[PDB]
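So the chains spell out like this:
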Amino acid sequence: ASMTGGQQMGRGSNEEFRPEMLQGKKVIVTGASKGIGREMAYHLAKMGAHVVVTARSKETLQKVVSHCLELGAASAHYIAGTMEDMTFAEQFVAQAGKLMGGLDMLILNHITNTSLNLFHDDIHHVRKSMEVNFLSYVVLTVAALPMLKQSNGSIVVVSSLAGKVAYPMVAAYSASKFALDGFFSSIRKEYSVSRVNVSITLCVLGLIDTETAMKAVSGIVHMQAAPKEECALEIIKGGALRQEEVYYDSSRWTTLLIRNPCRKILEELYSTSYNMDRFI
Amino acid sequence: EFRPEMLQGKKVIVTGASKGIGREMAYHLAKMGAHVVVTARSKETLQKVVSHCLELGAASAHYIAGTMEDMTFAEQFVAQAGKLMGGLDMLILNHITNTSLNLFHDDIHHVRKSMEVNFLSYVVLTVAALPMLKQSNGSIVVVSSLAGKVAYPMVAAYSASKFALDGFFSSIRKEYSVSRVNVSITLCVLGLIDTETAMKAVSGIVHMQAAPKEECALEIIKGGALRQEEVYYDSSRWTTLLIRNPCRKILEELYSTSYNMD
Ligand SMILES: NC(=O)c1ccc[n+]([C@@H]2O[C@H](COP(=O)([O-])OP(=O)(O)OC[C@H]3O[C@@H](n4cnc5c(N)ncnc54)[C@H](OP(=O)(O)O)[C@@H]3O)[C@@H](O)[C@H]2O)c1
Ligand SMILES: NC(=O)c1ccc[n+]([C@@H]2O[C@H](COP(=O)([O-])OP(=O)(O)OC[C@H]3O[C@@H](n4cnc5c(N)ncnc54)[C@H](OP(=O)(O)O)[C@@H]3O)[C@@H](O)[C@H]2O)c1
Ligand SMILES: CO[C@]12C[C@@H]3C[C@H](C1)[C@@](CC(=O)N1CC(O)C1)(c1ccc(F)cc1)[C@@H](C3)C2
Ligand SMILES: CO[C@]12C[C@@H]3C[C@H](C1)[C@@](CC(=O)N1CC(O)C1)(c1ccc(F)cc1)[C@@H](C3)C2
């Protein structure tokens, strides 16, 4: 270890993933007691990463930590709390960073509990969705950025197809997912001109076979679900490869149509329409 | 094809109407002979607007001053505006919290305030307005930006709030379609407009072609009156060519046969 040095990232490392890219990496996974988050903790553990998992339930988080250690995690810890509390979110990153002695990857995955319902007057669900699904991600990013700058790290943002296109019955949820794209795609452009070597990966997911999703869709929505294990891995890969966006859906037609080439062209056209020297 | 007659005698709310695009919309509506209720925080600028609206030919013109940071004011404002006009045909959501071009570092207060004013108040105003708009088979007009469709640096909080509007209003538009709620939703995607606020904020940063505020204000009204889902208004021909997302419309139509609704 003290007599060891070098790098895993060389020729083709921006295109071809290897589990060794995560060996010894310091990773935070939010909403990691169940679903996709837990699957990501498990994949990272198998890759020999140091992990700090979070969710509200300490009991479910203990089980994830124990299984992570069994799978071969370099180290595994949990810190339980609610992402409704901006003080907890801020404190959580400092404590997770202290446990690992730094941070390489921040995986933002938690959401507030949501169901399929038509919008009528539930402004409280709209506000809570914005607070938990979006604002806490911004707070976690602010708290994590100094450590990420030090490691030339990665931010992984778990979004949804409902964060790129419109679906009925998910108005509050969809607003919070669209907000993530607007926020994180803007700071990615800022990091580029400011030479902040921190990658940002927005993950656009279709229906995933998590217990929460399968229960919420039941009898309302009839779509093909994709497996949570492969989903979790595809998210990690995108983050390790520093890809701007990850798309994961069971339909081949979705993967074919989801990309927005015109958005990328437009953004390139505007890159020379603004003088930024004053901020850089 | 739009006709100014489409707005004659219509009951319209215009938010952030003390200046810029909002004031220009109030003026166009006044000339078309609509009943208008304008809002912003500045009493003295709203009074001037009301006066000029009356000189232009408005059926009636009123103002109610207050901050859209206050969700209670937003909710009560619609009830009082509706009482003044005896109903509501069009709700024009245009106000934003004061914003400047800056890199994002740690101003969570500006992120939260932008979400509250630019987005959450629009939802509160829509909830308060919907019973009257259902009665008139009315219209909701949402003023967004190109920063609400594509990424730009220095506007992270602002852009997140504009993207949130697209996600929220495009979802409820699908719900209104299947629920047979005859209330149209127009999302307006604007480029640089020659308002005093924008010209002052982009000074030394953006020179470019700034689209005139008067034509902008009319194009928003037209889209709303024509019940168009989206309005695009920019000075660049390349923008109008690339801004549309036909693949998004195709995907949404493909998923349309995946829901029950009953
Ligand atoms: N599954 C799908 O179909 C699907 C589709 C598209 C996108 N996605 C995205 O994928 C991510 C994971 O989804 P999932 O289906 O895996 O969810 P899930 O199985 O329901 O897990 C949600 C996680 O977040 C935690 N959580 C809930 N409320 C919280 C709060 N207030 N504060 C902190 N943590 C909280 C939960 O544990 P506690 O309750 O113990 O806190 C749990 O660990 C989400 O961002 C979701 O939007 C999922
Ligand atoms: N100008 C552009 O280049 C441009 C480009 C794209 C999109 N847009 C969109 O166009 C719309 C109008 O922009 P504009 O350029 O015309 O802006 P503007 O001239 O600065 O006017 C903003 C309006 O909002 C009001 N307002 C500000 N803070 C408020 C608060 N807390 N509560 C209630 N009202 C508040 C202002 O009045 P008070 O200060 O008196 O309250 C004013 O009437 C916005 O939605 C903006 O995003 C503009
Ligand atoms: C994790 O919790 C859930 C709770 C609700 C059901 C389900 C799981 C999901 C998944 C999701 O994000 N997408 C699949 C769509 O492809 C987008 C959904 C399901 C079908 C939709 F049409 C829209 C939204 C949202 C809303 C998030
Ligand atoms: C009304 O207040 C303003 C204050 C700030 C400057 C200016 C006017 C605007 C206008 C705007 O939304 N767009 C023009 C772009 O075409 C989108 C802007 C300017 C240059 C950008 F690169 C991005 C955003 C935002 C942010 C809104």
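- For chain B, the PDB entry supplies the name Corticosteroid 11-beta-dehydrogenase isozyme 1 and the organism Homo sapiens.
- Recorded in UniProt for chain B, the comment headed Subunit runs: "Homodimer."
- Per its UniProt entry, chain B bears the Sequence similarities comment "Belongs to the short-chain dehydrogenases/reductases (SDR) family."

- The name the PDB entry assigns to chain A is Corticosteroid 11-beta-dehydrogenase isozyme 1, from the organism Homo sapiens.
- The Pathway comment attached to chain A in UniProt states, word for word, "Steroid metabolism."
- Of the comments in the UniProt record for chain A, the one headed Subcellular location reads "Endoplasmic reticulum membrane".

**Some details on the site of ligand 4**
All names here are of chain B.
- Near ligand 4 you find 14 residues, and of these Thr99, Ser145, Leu146, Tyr152 and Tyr158 are the closest.
- Contact between ligand 4 and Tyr152: an oxygen atom at 3.4 Å from a side-chain N or O atom of the residue.
- Between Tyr158 and ligand 4, the recorded distance is 2.8 Å, taken from a side-chain N or O atom to an oxygen atom.
- In isolation ligand 4 has 510 Å² of accessible area, and contact with the protein removes 88% of it.
- Take the shell around ligand 4: its biggest share by element is three residues, from helix α6 (residues 196–201).
- For the shell around ligand 4, the class distribution of residues is 10 nonpolar, four polar and no charged.

**As for the UniProt feature "active site" in chain A**
Residue and element names in this part refer to chain A.
- Following the UniProt record, the feature "active site" maps to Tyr173 here.
- As for its position among the elements, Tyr173 is in helix α5 (residues 171–194).
- With near-sequence residues (within four places) excluded, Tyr173 lies in contact with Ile111, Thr114, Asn133, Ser160 and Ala162.

**As for helix α5 (residues 156–178) of chain B**
All names here are of chain B.
- For α5, built from 23 residues, the straight-helix expectation of 33 Å at 1.5 Å per residue is met to within 8% by its first-to-last C-alpha distance of 34 Å.
- Of all 23 residues in α5, 20 are buried; the element is thus mostly enclosed.
- One or two residues past the end of α5 sits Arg180, with phi positive at roughly 60°.

Cut-offs used in this document
Residues numbered from 1 in each chain as written, not as in the entry; some residues may be left out. Chains lettered and ligands numbered in written order. Heavy atoms only, no water. Residues with missing side-chain atoms left out of burial classes, pairs and counts. UniProt positions renumbered as here; feature names shortened; annotations may be inferred. Near = heavy atom within 4 Å. Polar contact = N/O pair within 3.5 Å; in protein donor to acceptor, adjacent residues only side chain to side chain. Areas by Shrake-Rupley, 256 points an atom, 1.4 Å probe, with all protein chains shown as cover. Helix = DSSP H or I, 4+ residues; strand = E, 2+ residues; numbered from the N terminus. Nonpolar A, V, L, I, M, F, W, Y, C, P; charged D, E, K, R; others polar. Contact = heavy atoms within 4.5 Å. Expected span 1.5 Å × (residues − 1). Buried < 20%, exposed > 50% of the residue type's maximum accessible area, 1.4 Å probe, protein only.

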